[PDB]
Amino acid sequence: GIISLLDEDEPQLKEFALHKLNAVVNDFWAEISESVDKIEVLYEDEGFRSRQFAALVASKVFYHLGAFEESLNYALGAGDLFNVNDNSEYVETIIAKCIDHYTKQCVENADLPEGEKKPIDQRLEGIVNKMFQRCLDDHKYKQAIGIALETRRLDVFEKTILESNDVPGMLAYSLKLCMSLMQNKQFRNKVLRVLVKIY
Amino acid sequence: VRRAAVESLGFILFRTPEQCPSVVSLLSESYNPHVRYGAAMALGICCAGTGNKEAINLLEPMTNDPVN
Amino acid sequence: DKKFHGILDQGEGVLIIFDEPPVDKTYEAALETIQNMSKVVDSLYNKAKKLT
Amino acid sequence: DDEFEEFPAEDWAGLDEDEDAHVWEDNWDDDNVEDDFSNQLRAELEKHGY
Amino acid sequence: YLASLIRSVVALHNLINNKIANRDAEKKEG
Amino acid sequence: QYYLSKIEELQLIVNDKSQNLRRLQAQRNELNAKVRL
Amino acid sequence: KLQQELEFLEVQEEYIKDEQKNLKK
Amino acid sequence: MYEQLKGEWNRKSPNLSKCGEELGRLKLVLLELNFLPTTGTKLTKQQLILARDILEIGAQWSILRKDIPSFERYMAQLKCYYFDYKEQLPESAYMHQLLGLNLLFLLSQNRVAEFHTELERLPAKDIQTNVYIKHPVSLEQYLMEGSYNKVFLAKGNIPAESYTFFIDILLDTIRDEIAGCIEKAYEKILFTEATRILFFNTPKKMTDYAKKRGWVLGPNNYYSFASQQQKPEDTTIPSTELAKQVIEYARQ
Amino acid sequence: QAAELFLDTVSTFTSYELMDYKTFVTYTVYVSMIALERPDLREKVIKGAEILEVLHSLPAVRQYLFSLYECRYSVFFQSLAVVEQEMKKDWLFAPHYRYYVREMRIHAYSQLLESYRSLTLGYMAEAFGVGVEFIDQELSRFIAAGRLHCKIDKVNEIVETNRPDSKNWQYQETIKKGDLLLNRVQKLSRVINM
Amino acid sequence: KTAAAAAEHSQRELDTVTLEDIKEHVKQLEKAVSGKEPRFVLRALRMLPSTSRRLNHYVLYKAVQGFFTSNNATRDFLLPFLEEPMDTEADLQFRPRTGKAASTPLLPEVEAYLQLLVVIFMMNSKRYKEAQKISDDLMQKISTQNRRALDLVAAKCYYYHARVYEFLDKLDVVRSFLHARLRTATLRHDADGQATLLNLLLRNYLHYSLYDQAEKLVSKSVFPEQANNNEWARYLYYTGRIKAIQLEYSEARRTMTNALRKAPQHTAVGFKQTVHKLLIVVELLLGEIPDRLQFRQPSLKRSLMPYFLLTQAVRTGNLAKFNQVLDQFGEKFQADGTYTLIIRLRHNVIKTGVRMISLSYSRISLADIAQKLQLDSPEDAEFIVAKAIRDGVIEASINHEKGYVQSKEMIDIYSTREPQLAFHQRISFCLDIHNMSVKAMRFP
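Chains as they are written, first to last, in the entry's author numbering: chain U, 7 to 205; chain L, 614 to 681; chain Z, 371 to 422; chain V, 16 to 65; chain R, 261 to 290; chain Y, 22 to 58; chain A, 46 to 70; chain P, 1 to 252; chain D, 196 to 389; chain G, 54 to 497.
Shown next, in the form of structure tokens:
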């Protein structure tokens, strides 16, 4: 097993063993699914200069395992390597899960905004901002506003109408969404305040 | 409470006139004639000027129910 | 001929006489029910309707 | 409808005879080989002397 | 053996009858 | 629209389960009406 | 549009499934 | 790059200073490009050759030094490097013997799935020839069928690569197994019974047996303790499973 | 089934079809002997007046039939070997190794060791022929076959039977049938959902 | 010439009948697209292999040129790849799409079907490169189009794709495709596609004997219960085989009997042969006496006659006879992959005989058991009974005086309750049946 090459106390050997994991991820699953202990050892060995990409291949290990949320958390702790590539199906899965998490956290911290909020992670917020920002800048505003409303940010509709207003009927589209679809006033207040302030 | 609760549902559910007949498939046929009356009145209320085409079809059997 | 209730233990040179409880006919009746309620039905029905 | 020939379908190449061609139900003991019982009892009688 | 199994068998009979009816309906509707 | 598809599949599951759920209630109500008759 | 439409429809249908199931007992 | 391939490892390498040379070998030659592709590049084929040579050298060093972590690491590296079977390269020689030693010690670790799956990788390598690799197979076969002392005498020789320490580690596994088999439902265990017939004629093994497990020595005899009881049954887990059934068909 | 529909002593012809009425009776006796051991067989076949008459006609046939009925194994085994030899000379020899003598002695040994607990091998051998080793090997072979619910204490040469109580044996039968019908319902669960 | 002309006209008429079968398939997809119903799709896929055994290059080109009234990449691919015969006197009125039908773009479902039908036809013709190209085009098109109903098709499409690649020996290379489509199916909740891909992967690991990786993947991959019956049977059989290799014996017998029962009784002749051999070998190793009624299998007489002799040898305890018969007819055992297990049974025959004789006897002498099973050694007999008791297969114990073994006892608290405890899943079966009914009582 290649796990020994990571088990050696040689950082260069560890790095050599862990380069091509992100390339054999597609083909080899069982050997990587069983090696969770080794990648945990590498993650704990934070004195080695490949902690970030070790967390990345840990997220790959949890991709094998099926724990997309745990892989999201590991690539989160990695930080900047969460967004290595912006176009893949596993990327879409993890960003959808993270958007759901951000939506839930924003809803609860807006329903109880008087302090004591669940800590909005800097890493999670950064990747979230990057993702819906690129989804706004892809220049498809028939779906940019939809993915924004799914993201559930208080300022996101204001951002969408302040940026390039492609299909300027999007104003009326979001108007009818807030008039008919969004009606639960408790978390609707963000969309409602943006809507009143613009219209 | 049974007749009241089966009649005063169309006030809330007229936002879903398509779901007016779906939530009464047991109420309009229930062994309680007051429950059936409530279901009928509930569809009638929730569909004010709507050609639902389904509420009418489900209410047609109740137009000749043995209970007055 | 079941006219007696015992077992001849020749090694000990005796016969152990036992009082047999006959109220346990529920056991045999239940077995008969199992047999004539399952065999006559499952095989016939689900071999006639092999395709479903 | 397919016969699933993908699994190795080694049909039995004898095509010579059915050993139990009738409805006889065999048992694991029924197919042991011996000189039946009559000869064995005769040998028993002989070794006992009669 | 004779209540749980009997309930399971009668439920199985009902289900397989319903499945036969549904399959025949789906095949012969058109 | 893919999470929309997943929610639609969940709604389909709920509808399929509710079909016989409503039918059983209606037929048991019919049985109770029959015994009252 | 269809996103929240299906969300609300699923909420109502999942609710009514349980409510009508409550009558089985 | 390609330095002292077996310069001091063929005749005798008993010093600990060779660990540093091996580490430098790993840094320089073992990390040249890779071991994965092996498409062409006969240079990388020779790189695989030197990798498997240094792996067997490390295996011998580890089995002679009795370091479980290093030995297991070398075993896993050997397995991962051999995962690339290239038939055109000269097989055997290092293959059958090392695989036999590795599988034998893995059975001492109590793993049979890997043993049998490697046996299936090896259709005729294990049965037709290569006593080198069927020696562990024969040992396991006897130790599963009918033999303890016969297994010991069979273990007395290793044809694979000598290195008669896998037999001692299997002897440790079988002292554990025998201790379990006599902690089993046996009726009584005399002191001479434990000492003479099986193995371990009055060694420190005897004190280990007398002090570690139960069955306190009576008069020259160990006896079974309280393990079978009438158990007047409170019968509470039947009630719990009955309640589980009750709730199961109390709904839907 | 053969017995249940074959005890009927209403022949289409006085001596025809099965070569005779005597041959008909011999078939009846063989079939009944395969059939059961000794319940109210006295009131089923022994009470048969025509049966007693035809056993008077055939003394050796009457001999082994009465030997089985009386449970006298000393003559029973010799007569049973004679019966097997006779069945050899008969085209109806289908149970060549199953139900000539082995099944009949399975019934006989069940009858014998039942109402017994520990009958010594050496004495059951002379009460059942000769050759203590022959009876020991026969008992071992039949226990391996499955019947003869008992075990053998070889170090003391004893036959310790294990007859379940009515409850115990019937319990065992119910769990066997539960196994068979769980197999059946699992097959039916395969039938559904496909 | 009359007989040859009549035969050619009859075979052309059957070719037209097969073309009408394909036209019926096209109408079935038109109805399936109209009604959003994949069950009638499943019916079409079920009925295709029944007529698959007799097709003709000319009638396939007829169907291609008829259905592709509008120019399309499928027709452009089939034009060079499909090699129709020379000029034929029989022609049909090819005008299925006119006006709006020709204007509308081709259906992705029927495109996947034409691709899969071309690959099955190429394999029927015993062609490899064109089949692999058509299958690659199929997987490419299915990946590009993201409709829900397509992945249900994609299950069997990927199945037969990897079956073709197995003949191509690309069964190693197709693993990347299998895993990529596994990730797509994980994204799209395609349980049937997942089942197909794991079945193909397991057959790959079987053909390379990659059993350690196979078990490491099976122990972590959750398999859908509601999958297709055939895919379930194949997966369960492969799991049973790998457990048998892993010595998982009770689980192996459970899985193999379950797979035999799940397989269709009228079909799967090779699967049936394999499961008979598996049950024979594994249950003989267990000492679980093989089912005698299985010997009445009309398709397994010659294969089970040496298996019958193996059963007899297992019961008896002899060695030389079955070693001779293995040397005679053991090559098929090697082909089936049980010959290592065959020798394992050859040397565990004594274990099985010891279990049976221990069940037979109460207090049997160690000398007697050694004589019975050809040990000829009191110490070896003692070791064997020790090994049996430590394995826990039997209750025979050791008393170093003479070899005492305990007997049984009357029924205790749990001895009447273990059947109900192990059998009260009857209501669990009832509840899953009722839930399936609830799912399958659609009124319209």
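Every residue, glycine too, gets a C-beta built ideally from N, C-alpha and C.
Non-local beta-carbon contacts of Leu428 (chain G) in its own chain, meaning distances under 8 Å to residues more than five positions away in sequence, involve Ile403, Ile422, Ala434 and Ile437 in chain order. Take the alpha-carbon of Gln46 (chain P) and the one of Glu8 (chain P): they are about 19 Å apart. Counting along the chain, no alpha helix (DSSP H) covers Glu355 (chain D); the unbroken beta strand (DSSP E) around it starts and ends at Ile353 to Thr356. Contact annotation: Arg158 (chain U) and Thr99 (chain U) have beta-carbon atoms that are not nearer than 8 Å. In the three-state scheme derived from DSSP, where H, G and I count as helix and E and B as strand, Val384 (chain Z) is classed as strand. Out of G:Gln387, G:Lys461, G:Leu412 and G:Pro359, the CA that lies nearest to the CA of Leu122 (chain P) is found in G:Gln387. Annotation for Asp144 (chain U): no alpha helix (DSSP H) segment contains it, and DSSP assigns it neither H nor E.
By the neighbour-count definition (other C-beta atoms within 10 Å, threshold 16), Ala263 (chain R) is an exposed residue. Taking 8 Å as the cut-off, the Cβ atoms of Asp172 (chain U) and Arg140 (chain U) do not count as close. Between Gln380 (chain Z) and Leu308 (chain D), the gap from beta carbon to beta carbon reaches 8 Å or more. With a threshold of 8 Å between beta carbons, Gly326 (chain D) makes contact with chain V. When the alpha-carbon of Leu99 (chain P) is set against those of P:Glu87, P:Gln88, P:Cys181 and P:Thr117, the nearest one is in P:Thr117. With contacts defined as CB atoms closer than 8 Å, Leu107 (chain P) and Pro69 (chain P) fail to qualify as a contacting pair.
Assigned with DSSP and collapsed to three states, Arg628 (chain L) falls in coil, not helix or strand. Spanning the alpha carbons of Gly406 (chain G) and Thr356 (chain D) requires a straight line of approximately 22 Å. Contact annotation: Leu338 (chain G) and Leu398 (chain G) have beta-carbon atoms nearer than 8 Å.
Under the three-state reduction of DSSP output, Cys112 (chain U) falls in the helix class.
Proximity of chain U to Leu31 (chain P) at the Cβ level (cut-off 7 Å) is accounted for by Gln18 and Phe22, in chain order. Under the DSSP assignment, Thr315 (chain D) falls in the beta strand (DSSP E) whose first and last residues are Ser313 to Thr315. Judged by beta-carbon spacing, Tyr69 (chain U) lies beyond the 8 Å limit of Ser56 (chain U), meaning their Cβ atoms are not closer than that value.
Taking 8 Å as the cut-off, the Cβ atoms of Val334 (chain G) and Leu313 (chain G) do not count as close.
Contacts between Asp13 (chain U) and chain P, judged by CB atoms closer than 7 Å, involve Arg73 in chain order. By the neighbour-count definition (other C-beta atoms within 10 Å, threshold 16), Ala155 (chain G) is an exposed residue. When C-beta atoms of the region 384-397 of chain Z are compared with those of the region 343-357 of chain D, fewer than three pairs fall below 8 Å, so the two segments do not count as touching. Interface annotation, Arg283 (chain R): in contact with chain Z, CB-CB separation under 8 Å. Under a criterion of Cβ atoms nearer than 9 Å, the residues of chain Z adjacent to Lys279 (chain R) are, in order, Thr422. For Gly376 (chain Z), no alpha helix (DSSP H) run applies; the uninterrupted beta strand (DSSP E) run containing it begins and ends at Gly376 to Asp379, by DSSP.
Just measuring C-alpha positions, the residue of D:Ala320, D:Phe337, D:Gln196 and D:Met389 sitting nearest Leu60 (chain V) is D:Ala320. For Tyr644 (chain L), at least one C-beta of chain Y is nearer than 8 Å to its own C-beta.
Sequence-distant partners of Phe288 (chain D) (beyond 5 residues in either direction) whose C-beta falls short of 7 Å from its own C-beta, in its chain, are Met282. Contact between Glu620 (chain L) and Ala655 (chain L) holds, with the beta-carbon distance rounding to 5 Å and staying under 8 Å. Taking C-beta atoms under 8 Å as the contact rule, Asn177 (chain G) and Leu108 (chain G) qualify, at a distance of about 7 Å. The C-alpha of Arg228 (chain G) lies about 41 Å from the C-alpha of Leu346 (chain G).
Taking 8 Å as the cut-off, the beta carbon of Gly370 (chain G) is found closer than this to the beta carbon of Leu426 (chain G).
Rounded to the nearest whole angstrom, the C-alpha separation of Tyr223 (chain P) and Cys181 (chain P) is 14 Å. Taking the CA atoms as reference points, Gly58 (chain P) sits about 11 Å from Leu23 (chain P).
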